[PDB]
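Residue numbers 1 to 497, in PDB author numbering, belong to the letters of the sequence shown in order.
Here the structure comes first, spelled out in structure tokens, and everything after it is commentary.
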Amino acid sequence: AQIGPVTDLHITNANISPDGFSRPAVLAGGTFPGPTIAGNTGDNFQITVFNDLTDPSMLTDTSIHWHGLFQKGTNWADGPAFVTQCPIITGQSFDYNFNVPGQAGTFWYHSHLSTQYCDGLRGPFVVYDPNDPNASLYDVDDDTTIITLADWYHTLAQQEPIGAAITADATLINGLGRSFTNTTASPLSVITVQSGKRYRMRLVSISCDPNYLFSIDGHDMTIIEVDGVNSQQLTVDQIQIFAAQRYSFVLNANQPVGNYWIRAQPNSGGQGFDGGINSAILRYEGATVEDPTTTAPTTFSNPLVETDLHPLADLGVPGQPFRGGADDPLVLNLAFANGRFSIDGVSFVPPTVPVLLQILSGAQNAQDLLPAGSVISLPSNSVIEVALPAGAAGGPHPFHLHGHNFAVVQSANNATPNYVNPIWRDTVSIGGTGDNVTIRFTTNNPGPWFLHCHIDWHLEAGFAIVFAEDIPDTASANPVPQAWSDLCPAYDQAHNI
Ligand SMILES: *[C@@H]1O[C@H](CO)[C@@H](O[C@@H]2O[C@H](CO)[C@@H](O[C@@H]3O[C@H](CO)[C@@H](O)[C@H](O)[C@@H]3O)[C@H](O)[C@H]2NC(C)=O)[C@H](O)[C@H]1NC(C)=O
Ligand SMILES: *[C@@H]1O[C@H](CO)[C@@H](O[C@@H]2O[C@H](CO)[C@@H](O)[C@H](O)[C@H]2NC(C)=O)[C@H](O)[C@H]1NC(C)=O
Ligand SMILES: [Cu+2]
Ligand SMILES: [Cu+2]
Ligand SMILES: [Cu+2]
Ligand SMILES: [Cu+2]
Ligand SMILES: [F-]
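Given below as structure tokens:
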């Protein structure tokens, strides 16, 4: 029941009750999470998104981003509202027509307008590799081995009151889970395995906010992929996974036939597992249909530590092996005050004209681009370093860059940089007070690429900038279809702009 790589995708409003509490939602494909969009490496995806939304309480406009797909030459298809497009208006559709050369792994898709993805528009996106170098490590890799972790709110995203703390009401694993308060014994998700087989579990955080401590009682997990990047095998018994990150891990069904708890503990909201919150069930074929009776350890033996991960391929680190050893070394001042985030003193507020359209219309330095102070130019064919020192309230903040993955030269909670063999990924926790998480990449993808915290509430409150990569070559690199050119006039007419 995967769809794609050529598919329609309808975006609708409907009631759902994933934790036993009914609320309206914004759904792709009629479900929460949305259906898996899938294809093979190098395929042409043609996702015709039909905006059928009618309930203004969750916004009737929409725009969808394909998280972690580089969009080289198709920046117009990337999805962030007012960065690469105007939103699609209700009653209209738009074909996101792009290719995925050179990428294979676990991705996801989500609304990229306001906080709308929190209201339900989120689903997995898998690019399989027919020649996967990890293929011999497992037996099963299909829709039944995708594990999504989601935060779910009873209050609608647009209706979260100004000045009150926002926390979720349930953790949903594969779309099901129990509410933290007024808990009812609603159905839990079941992941089924066969004794003796090995599974490529594709763990996807579709969170709007919390990080999760993910584990499976009785089992360990051998990581083989990080945010689309193949890794050396790393065996862990717990994974702290931040918003928008992905891991593949091998699960060996090597425990007695039975039922085992799957645990996903968020860093906010309900703590523990009373009443079966924060839980799903791993069930072996032939086990009794009953809840697990297993317990977690008090202390995990082998938690994931990001510096333990290393690429499977020889990826190295671009630039020179010291701080500032790049063509364009940056240090961002990431701050929060009075309800707003800022980057180098500027809080992001989406512009009226999308950044890409401003560039195509001839704005040719980043000082000319709106929002003023929110768009930073990057030079072409250059090594970029971005230090992201933590400290701003609401952390740990998982920062994400569109259009690129990056070497994680320095990780959370460890002052030592790695210029030899760090993991590459696309979303990274910047850690805690005093940390200096630092990323590097090379600029080989002209266009405006969003850089932001992936806690959606923080993005909405301004925690973002746009890297206008290679402004001079953006128009030649990214020819735009007529339907894209039609988006802003249609949107602005509908909204009387
Ligand atoms: C904090 O982060 C640093 C940097 O990522 C980590 O340092 C790295 O630690 C590894 C593991 O010990 C070192 O690699 C090892 O190298 C030795 C040669 O001495 C080799 O025999 C081992 O097989 C292994 O590959 C690596 O050199 C080192 N890198 C740097 C730049 O120091 C460190 O482990 C992290 N701290 C914690 C507590 O995890
Ligand atoms: C994080 O690392 C960056 C460099 O990647 C540090 O930046 C330097 O900051 C000092 C002032 O604090 C400046 O004088 C230098 O010009 C900067 N660049 C260098 C040395 O390459 C930054 O200080 C670090 N931040 C934290 C909090 O550790
Ligand atoms: Cu994303
Ligand atoms: Cu993205
Ligand atoms: Cu944040
Ligand atoms: Cu984004
Ligand atoms: F992305």
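Where is the CB? At the ideal position from N, CA and C, for every residue including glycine.
Ranked by how close their Cα comes to the Cα of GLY316, the residues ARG340, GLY432, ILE423 have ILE423 in first place.
With a beta-carbon spacing of about 39 Å, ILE224 and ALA366 fall beyond the 8 Å limit used to define contacts. Put simply, the segment 230 to 241 touches the segment 309 to 327. At least three CB pairs are less than 8 Å apart. In the three-state DSSP reduction, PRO56 falls in the helix class (H, G or I). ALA296 and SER205 do not touch by the CB rule: their CB atoms are close to 20 Å apart, not below 8 Å. At least one heavy atom of ligand 6 lies closer than 7 Å to the C-beta of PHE450. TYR96 and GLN85 have their C-alpha atoms spaced approximately 11 Å apart. Burial check for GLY175: the Cβ neighbour count within 10 Å reaches 16 or more, so the residue is buried. Within the same chain, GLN103, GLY403, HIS404, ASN445 come within 7 Å of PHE70 by CB-CB distance, once the 5 residues on both sides are set aside.
Counting of Cβ neighbours within 10 angstroms places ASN338 among the exposed residues, the total staying below 16. Fewer than three Cβ pairs drawn from the segment 415 to 429 and the segment 462 to 482 lie within less than 8 Å of each other, which leaves the two stretches out of contact. Those residues that bring their Cβ nearer than 5 Å to a heavy atom of ligand 4 are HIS67, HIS402. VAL250 has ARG200, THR222 as its beta-bridge partners, per DSSP.
The criterion of a C-beta distance shorter than 8 Å is satisfied by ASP8 and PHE50.
Here the residues close to ligand 1, judged by CB distance below 6 Å to any of its heavy atoms, are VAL305, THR307, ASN414, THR416, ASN418 in chain order. Here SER205 carries a strand assignment [DSSP, helix/strand/coil].
Around the beta carbon of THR36, 16 or more other beta carbons lie within 10 angstroms, which makes this residue buried.
Taking the Cβ of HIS112 as the reference point, every heavy atom of ligand 7 lies at 7 Å or farther away. Of the candidates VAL26, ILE47, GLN46, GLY30, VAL26 places its Cα closest to the Cα of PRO56.
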